[PDB]
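Structure data (PDB, C-alpha atoms) from my_file-v3.pdb:
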ATOM      1  CA  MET A  19      -2.072  58.124  -9.886
ATOM      2  CA  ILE A  20       1.092  56.030 -10.195
ATOM      3  CA  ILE A  21       0.665  52.404 -11.313
ATOM      4  CA  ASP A  22       3.290  49.920 -10.049
ATOM      5  CA  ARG A  23       2.236  46.594 -11.551
ATOM      6  CA  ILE A  24      -0.538  44.228 -12.560
ATOM      7  CA  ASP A  25      -1.793  42.418  -9.455
ATOM      8  CA  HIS A  26      -4.023  39.868 -11.145
ATOM      9  CA  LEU A  27      -6.487  39.345 -13.956
ATOM     10  CA  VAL A  28      -9.655  37.403 -14.671
ATOM     11  CA  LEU A  29      -9.891  34.535 -17.169
ATOM     12  CA  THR A  30     -13.368  33.423 -18.315
ATOM     13  CA  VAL A  31     -13.341  29.673 -18.884
ATOM     14  CA  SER A  32     -15.747  26.958 -19.950
ATOM     15  CA  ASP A  33     -14.641  24.555 -17.195
ATOM     16  CA  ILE A  34     -12.636  25.550 -14.117
ATOM     17  CA  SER A  35     -11.430  22.004 -13.329
ATOM     18  CA  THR A  36      -9.937  21.516 -16.793
ATOM     19  CA  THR A  37      -8.287  24.926 -16.548
ATOM     20  CA  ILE A  38      -6.866  24.261 -13.062
ATOM     21  CA  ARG A  39      -5.318  20.963 -14.173
ATOM     22  CA  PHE A  40      -3.660  22.565 -17.177
ATOM     23  CA  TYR A  41      -2.108  25.428 -15.214
ATOM     24  CA  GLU A  42      -1.055  23.361 -12.188
ATOM     25  CA  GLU A  43       0.354  20.472 -14.202
ATOM     26  CA  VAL A  44       1.880  22.401 -17.102
ATOM     27  CA  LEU A  45       2.908  25.806 -15.691
ATOM     28  CA  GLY A  46       3.161  24.762 -12.042
ATOM     29  CA  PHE A  47       0.637  27.324 -10.773
ATOM     30  CA  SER A  48      -1.206  26.663  -7.485
ATOM     31  CA  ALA A  49      -4.979  26.630  -7.311
ATOM     32  CA  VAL A  50      -6.801  28.096  -4.314
ATOM     33  CA  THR A  51     -10.341  28.849  -3.206
ATOM     34  CA  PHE A  52     -11.219  32.204  -1.645
ATOM     35  CA  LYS A  53     -14.488  33.888  -0.622
ATOM     36  CA  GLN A  54     -15.992  30.440  -0.107
ATOM     37  CA  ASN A  55     -16.428  29.426  -3.763
ATOM     38  CA  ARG A  56     -14.069  31.473  -5.947
ATOM     39  CA  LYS A  57     -11.161  29.896  -7.781
ATOM     40  CA  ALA A  58      -7.770  31.414  -8.564
ATOM     41  CA  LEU A  59      -4.324  30.277  -9.675
ATOM     42  CA  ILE A  60      -1.336  31.599  -7.726
ATOM     43  CA  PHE A  61       2.159  32.141  -9.140
ATOM     44  CA  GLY A  62       4.994  34.357  -7.963
ATOM     45  CA  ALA A  63       3.417  37.395  -6.311
ATOM     46  CA  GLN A  64       0.464  37.514  -8.686
ATOM     47  CA  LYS A  65      -2.596  35.489  -9.497
ATOM     48  CA  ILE A  66      -5.306  34.774 -12.004
ATOM     49  CA  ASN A  67      -8.933  34.570 -10.939
ATOM     50  CA  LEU A  68     -11.102  32.101 -12.789
ATOM     51  CA  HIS A  69     -14.672  32.845 -13.831
ATOM     52  CA  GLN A  70     -16.649  29.980 -15.297
ATOM     53  CA  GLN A  71     -19.262  30.817 -17.937
ATOM     54  CA  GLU A  72     -22.703  30.951 -16.340
ATOM     55  CA  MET A  73     -20.985  31.976 -13.097
ATOM     56  CA  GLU A  74     -19.130  35.166 -13.896
ATOM     57  CA  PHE A  75     -19.051  37.293 -10.740
ATOM     58  CA  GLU A  76     -19.515  41.029 -11.149
ATOM     59  CA  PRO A  77     -18.323  43.496 -12.081
ATOM     60  CA  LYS A  78     -16.830  41.790 -15.158
ATOM     61  CA  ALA A  79     -15.564  42.713 -18.635
ATOM     62  CA  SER A  80     -18.115  43.941 -21.164
ATOM     63  CA  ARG A  81     -17.621  40.887 -23.380
ATOM     64  CA  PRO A  82     -16.398  37.935 -21.241
ATOM     65  CA  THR A  83     -14.979  35.406 -23.691
ATOM     66  CA  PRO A  84     -13.276  32.049 -23.243
ATOM     67  CA  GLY A  85     -10.146  31.802 -25.398
ATOM     68  CA  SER A  86      -9.641  35.568 -25.786
ATOM     69  CA  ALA A  87      -6.593  35.864 -23.540
ATOM     70  CA  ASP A  88      -3.043  36.362 -24.820
ATOM     71  CA  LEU A  89      -0.577  36.357 -21.911
ATOM     72  CA  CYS A  90       3.222  36.364 -21.658
ATOM     73  CA  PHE A  91       4.848  34.920 -18.540
ATOM     74  CA  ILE A  92       8.494  35.220 -17.541
ATOM     75  CA  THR A  93      10.201  32.011 -16.403
ATOM     76  CA  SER A  94      13.367  31.577 -14.367
ATOM     77  CA  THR A  95      13.705  28.058 -15.770
ATOM     78  CA  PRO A  96      16.052  27.728 -18.782
ATOM     79  CA  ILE A  97      13.813  28.153 -21.839
ATOM     80  CA  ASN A  98      15.178  24.983 -23.489
ATOM     81  CA  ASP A  99      14.323  23.022 -20.379
ATOM     82  CA  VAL A 100      10.836  24.530 -20.658
ATOM     83  CA  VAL A 101      10.347  23.317 -24.234
ATOM     84  CA  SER A 102      11.116  19.745 -23.141
ATOM     85  CA  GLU A 103       8.784  19.920 -20.150
ATOM     86  CA  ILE A 104       6.023  21.201 -22.462
ATOM     87  CA  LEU A 105       6.664  18.379 -24.899
ATOM     88  CA  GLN A 106       6.900  15.726 -22.172
ATOM     89  CA  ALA A 107       3.549  16.995 -20.867
ATOM     90  CA  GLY A 108       1.968  16.145 -24.203
ATOM     91  CA  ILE A 109       1.405  19.815 -24.985
ATOM     92  CA  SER A 110       1.704  21.054 -28.560
ATOM     93  CA  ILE A 111       3.994  24.008 -29.268
ATOM     94  CA  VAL A 112       2.238  26.709 -31.314
ATOM     95  CA  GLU A 113       5.532  28.423 -32.182
ATOM     96  CA  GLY A 114       8.919  27.024 -31.149
ATOM     97  CA  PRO A 115      11.527  29.121 -29.310
ATOM     98  CA  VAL A 116      11.513  32.465 -31.111
ATOM     99  CA  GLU A 117      12.904  35.935 -30.345
ATOM    100  CA  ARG A 118      10.270  38.478 -29.296
ATOM    101  CA  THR A 119      10.094  41.911 -27.697
ATOM    102  CA  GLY A 120       9.606  41.967 -23.929
ATOM    103  CA  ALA A 121       8.603  44.855 -21.705
ATOM    104  CA  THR A 122      12.279  45.494 -20.824
ATOM    105  CA  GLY A 123      14.336  43.994 -23.622
ATOM    106  CA  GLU A 124      14.460  41.060 -26.008
ATOM    107  CA  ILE A 125      12.984  37.740 -24.934
ATOM    108  CA  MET A 126      13.106  34.169 -26.236
ATOM    109  CA  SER A 127       9.627  32.682 -26.141
ATOM    110  CA  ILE A 128       7.558  29.580 -26.611
ATOM    111  CA  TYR A 129       3.835  29.569 -27.393
ATOM    112  CA  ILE A 130       1.212  27.079 -26.244
ATOM    113  CA  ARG A 131      -2.564  27.136 -25.787
ATOM    114  CA  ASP A 132      -4.658  26.378 -22.717
ATOM    115  CA  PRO A 133      -7.918  24.345 -22.788
ATOM    116  CA  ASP A 134     -10.043  27.353 -23.835
ATOM    117  CA  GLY A 135      -7.739  28.499 -26.615
ATOM    118  CA  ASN A 136      -6.052  31.389 -24.825
ATOM    119  CA  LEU A 137      -2.528  31.921 -26.113
ATOM    120  CA  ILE A 138       0.162  31.399 -23.491
ATOM    121  CA  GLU A 139       3.634  32.777 -24.146
ATOM    122  CA  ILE A 140       6.324  31.473 -21.769
ATOM    123  CA  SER A 141       9.477  33.581 -22.041
ATOM    124  CA  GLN A 142      12.961  34.365 -20.808
ATOM    125  CA  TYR A 143      14.996  37.555 -21.218
ATOM    126  CA  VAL A 144      18.024  37.465 -23.540
TER     127      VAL A 144
END
Rewrite the structure of this file - the entire thing - as structure tokens.
Amino acid sequence: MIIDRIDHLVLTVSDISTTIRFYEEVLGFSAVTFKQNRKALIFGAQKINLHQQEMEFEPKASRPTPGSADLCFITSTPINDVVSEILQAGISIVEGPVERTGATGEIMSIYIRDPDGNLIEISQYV
């Protein structure tokens, strides 16, 4: 078995609409509906499926929990330009631009939180 990449992942949220607005307006993701009533956010060649509490389709994680996610995204946009966009959006920065370790090398990152409390790390390689 040879694994190439992560295709997508599932986020459990309290309210899909609130989550969709955050990700479309702040990170520029694109919301879509598949299988008649399922929601997902598209970005690059990957996606994130959304499961609302009380509507978590199966199979699912053993302990579905809103606000338990900690994701790092790579941006092609200059990181400083990202900070400003985040600030202009009215979003609070958890931790300003700071050097971190990426999968390949060193990255400069910014941290913010989504509506449920999940930690979102937007980064760029050094």
Selection result for the PyMOL selection byres ((chain A and resi 110-123) around 10) on this file, as a list in words: residues 90, 92, 97, 98, 100, 101, 104, 105, 106, 107, 108, 109, 124, 125, 126, 127, 128, 129, 130, 131, 137, 138, 139, 140, 141, 142, 143 and 144 of chain A
Point-to-point distance from CA of residue 87 in chain A to CA of residue 29 in chain A, Å rounded to tenths: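 Interatomic distance here is 7.3 Å.
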Contacts of residue 59 in chain A within 7 Å, all atoms listed in the file, excl. fewer than 6 positions in-chain, as a ChimeraX atom specification: /A:47-50,65-67
C-alpha atoms of the current selection, written as a PDB file, keeping the file's coordinate frame:
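Produced file again12.pdb, reproduced below:
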ATOM      1  CA  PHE A  47       0.637  27.324 -10.773  1.00  0.00           C
ATOM      2  CA  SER A  48      -1.206  26.663  -7.485  1.00  0.00           C
ATOM      3  CA  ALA A  49      -4.979  26.630  -7.311  1.00  0.00           C
ATOM      4  CA  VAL A  50      -6.801  28.096  -4.314  1.00  0.00           C
ATOM      5  CA  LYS A  65      -2.596  35.489  -9.497  1.00  0.00           C
ATOM      6  CA  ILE A  66      -5.306  34.774 -12.004  1.00  0.00           C
ATOM      7  CA  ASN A  67      -8.933  34.570 -10.939  1.00  0.00           C
TER       8      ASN A  67
END
Please enumerate the residues selected by the PyMOL selection byres ((chain A and resi 57) around 10) when evaluated against the supplied file, formatted as a tab-separated table (two decimals) with C-alpha atoms, in the frame of the given file.
chain	number	residue	atom	x	y	z
A	34	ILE	CA	-12.64	25.55	-14.12
A	35	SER	CA	-11.43	22.00	-13.33
A	38	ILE	CA	-6.87	24.26	-13.06
A	49	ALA	CA	-4.98	26.63	-7.31
A	50	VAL	CA	-6.80	28.10	-4.31
A	51	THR	CA	-10.34	28.85	-3.21
A	52	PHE	CA	-11.22	32.20	-1.64
A	53	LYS	CA	-14.49	33.89	-0.62
A	54	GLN	CA	-15.99	30.44	-0.11
A	55	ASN	CA	-16.43	29.43	-3.76
A	56	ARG	CA	-14.07	31.47	-5.95
A	58	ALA	CA	-7.77	31.41	-8.56
A	59	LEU	CA	-4.32	30.28	-9.68
A	60	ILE	CA	-1.34	31.60	-7.73
A	66	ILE	CA	-5.31	34.77	-12.00
A	67	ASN	CA	-8.93	34.57	-10.94
A	68	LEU	CA	-11.10	32.10	-12.79
A	69	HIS	CA	-14.67	32.84	-13.83
A	70	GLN	CA	-16.65	29.98	-15.30
Coordinates-based distance that separates CA of residue 79 in chain A from CA of residue 21 in chain A (Å, one decimal):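 Going from CA of residue 21 in chain A over to CA of residue 79 in chain A, I get 20.3 Å.
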Computed interatomic separation between CA of residue 133 in chain A and CA of residue 94 in chain A (Å):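 So the two atoms, CA of residue 133 in chain A and CA of residue 94 in chain A, lie 24.0 Å apart.
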Nearest to residue 88 in chain A, chosen from A:43, A:134, A:74, A:103, with all atoms listed in the file counted in the distances: A:134
Among listed residues A:62, A:20, A:28, A:136, nearest residue 82 in chain A (using all atoms listed in the file): A:28
Exercise on range 25-43 of chain A, axis-aligned box with 3 Å per side, report centre and edge lengths in Å to one decimal, as JSON:
{"center_x": -7.7, "center_y": 31.4, "center_z": -14.7, "size_x": 22.1, "size_y": 27.9, "size_z": 16.5}
A:42, A:30, A:23, A:99 ranked by distance to residue 75 in chain A, top pick (using only C-alpha atoms): A:30
Using only C-alpha atoms: which of A:24, A:45, A:31, A:19 has the shortest distance to residue 95 in chain A: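 With only C-alpha atoms as the atom set, the closest residue is A:45.
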A:91, A:46, A:39, A:64 ranked by distance to residue 25 in chain A, top pick (using all atoms listed in the file):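 Of A:91, A:46, A:39, A:64, the one nearest residue 25 in chain A is A:64, counting all atoms listed in the file.
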Your completed range 115-136 of chain A with N, CA and C atoms, as an mmCIF file, in the frame of the given file:
data_model
loop_
_atom_site.group_PDB
_atom_site.id
_atom_site.type_symbol
_atom_site.label_atom_id
_atom_site.label_comp_id
_atom_site.auth_asym_id
_atom_site.auth_seq_id
_atom_site.Cartn_x
_atom_site.Cartn_y
_atom_site.Cartn_z
ATOM 1 N N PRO A 115 10.783 28.002 -29.894
ATOM 2 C CA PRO A 115 11.527 29.121 -29.310
ATOM 3 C C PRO A 115 11.807 30.151 -30.388
ATOM 4 N N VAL A 116 11.349 31.377 -30.156
ATOM 5 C CA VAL A 116 11.513 32.465 -31.111
ATOM 6 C C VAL A 116 11.737 33.791 -30.378
ATOM 7 N N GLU A 117 12.601 34.636 -30.937
ATOM 8 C CA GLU A 117 12.904 35.935 -30.345
ATOM 9 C C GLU A 117 11.712 36.882 -30.474
ATOM 10 N N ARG A 118 11.382 37.535 -29.364
ATOM 11 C CA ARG A 118 10.270 38.478 -29.296
ATOM 12 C C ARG A 118 10.696 39.702 -28.506
ATOM 13 N N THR A 119 9.812 40.690 -28.437
ATOM 14 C CA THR A 119 10.094 41.911 -27.697
ATOM 15 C C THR A 119 9.402 41.861 -26.334
ATOM 16 N N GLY A 120 10.178 41.998 -25.263
ATOM 17 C CA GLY A 120 9.606 41.967 -23.929
ATOM 18 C C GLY A 120 9.390 43.380 -23.442
ATOM 19 N N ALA A 121 8.840 43.528 -22.244
ATOM 20 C CA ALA A 121 8.603 44.855 -21.705
ATOM 21 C C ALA A 121 9.917 45.620 -21.496
ATOM 22 N N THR A 122 10.970 44.900 -21.108
ATOM 23 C CA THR A 122 12.279 45.494 -20.824
ATOM 24 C C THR A 122 13.328 45.353 -21.922
ATOM 25 N N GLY A 123 13.361 44.201 -22.573
ATOM 26 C CA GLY A 123 14.336 43.994 -23.622
ATOM 27 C C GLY A 123 13.871 42.862 -24.507
ATOM 28 N N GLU A 124 14.812 42.172 -25.137
ATOM 29 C CA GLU A 124 14.460 41.060 -26.008
ATOM 30 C C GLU A 124 14.261 39.787 -25.209
ATOM 31 N N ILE A 125 13.271 38.997 -25.608
ATOM 32 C CA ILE A 125 12.984 37.740 -24.934
ATOM 33 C C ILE A 125 12.947 36.586 -25.930
ATOM 34 N N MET A 126 13.158 35.376 -25.421
ATOM 35 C CA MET A 126 13.106 34.169 -26.236
ATOM 36 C C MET A 126 11.830 33.541 -25.714
ATOM 37 N N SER A 127 10.892 33.230 -26.602
ATOM 38 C CA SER A 127 9.627 32.682 -26.141
ATOM 39 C C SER A 127 9.141 31.414 -26.810
ATOM 40 N N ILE A 128 8.187 30.789 -26.136
ATOM 41 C CA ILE A 128 7.558 29.580 -26.611
ATOM 42 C C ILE A 128 6.066 29.858 -26.484
ATOM 43 N N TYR A 129 5.279 29.367 -27.434
ATOM 44 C CA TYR A 129 3.835 29.569 -27.393
ATOM 45 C C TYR A 129 3.067 28.268 -27.289
ATOM 46 N N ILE A 130 2.076 28.244 -26.401
ATOM 47 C CA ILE A 130 1.212 27.079 -26.244
ATOM 48 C C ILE A 130 -0.196 27.607 -26.003
ATOM 49 N N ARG A 131 -1.185 26.720 -26.021
ATOM 50 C CA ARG A 131 -2.564 27.136 -25.787
ATOM 51 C C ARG A 131 -3.145 26.370 -24.613
ATOM 52 N N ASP A 132 -4.019 27.029 -23.854
ATOM 53 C CA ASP A 132 -4.658 26.378 -22.717
ATOM 54 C C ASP A 132 -5.946 25.727 -23.232
ATOM 55 N N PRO A 133 -6.678 25.009 -22.366
ATOM 56 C CA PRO A 133 -7.918 24.345 -22.788
ATOM 57 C C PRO A 133 -8.941 25.189 -23.547
ATOM 58 N N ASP A 134 -9.074 26.464 -23.185
ATOM 59 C CA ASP A 134 -10.043 27.353 -23.835
ATOM 60 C C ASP A 134 -9.553 27.994 -25.129
ATOM 61 N N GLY A 135 -8.254 27.918 -25.393
ATOM 62 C CA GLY A 135 -7.739 28.499 -26.615
ATOM 63 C C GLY A 135 -6.904 29.742 -26.390
ATOM 64 N N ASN A 136 -6.837 30.201 -25.141
ATOM 65 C CA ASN A 136 -6.052 31.389 -24.825
ATOM 66 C C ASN A 136 -4.616 31.088 -25.223
#
